[PDB]
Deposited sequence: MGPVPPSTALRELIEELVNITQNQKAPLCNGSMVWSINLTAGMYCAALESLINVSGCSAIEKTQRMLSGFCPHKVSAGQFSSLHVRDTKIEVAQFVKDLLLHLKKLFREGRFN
């Protein structure tokens, strides 16, 4: 996918201390969870370095995602550092890309 590749490249760009101090809800990374990933990341407020990632994610989610609002993200227990979240998201997206899915 052209959108997928571009998002991979952006995540590589920004991870090679992203939003230092910012914690987000952990996700149970499995296929198609673009909505959940955005539902978590949309809640980061003072970090311009992830703004593009946020816009890019909206392209992959068929519904509007607004901060404070949840639907696709059903579990909110563990909170993790943004850097870790985005690194884990990256490996997940690379797998999708490798799979052709």
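- Numbered from the first deposited residue, the unresolved ranges run 1-6, 23-26, 112-113.
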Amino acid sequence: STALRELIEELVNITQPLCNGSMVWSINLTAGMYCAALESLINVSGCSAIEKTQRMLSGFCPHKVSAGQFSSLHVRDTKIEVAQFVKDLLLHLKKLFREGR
From here on, numbers count along this sequence of modelled residues.
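Definition used throughout: the rigid core is the maximal C-alpha set that superposes within 1.5 Å between two forms.
- Rigid core fits of the other structures in 4 other deposited structures of this protein place the C-alpha atoms of one stretch farther away on average; of 78-86 and 6-14, that stretch is 78-86.
- Looking at the other PDB entries for this protein, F60 is present in the model in all of those that include the residues around it, rather than absent from a third.
- Of the other structures of this protein that model both sides of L73, a third or more give it no coordinates.
- Annotation for 77-85 versus 5-13: the higher mean temperature factor (C-alpha) is found in 77-85.
- Here the stretch with the larger average CA B-factor, out of 25-33 and 53-61, is 25-33.
- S40: CA B factor in the lowest third of modelled residues in this chain (values from the PDB entry).
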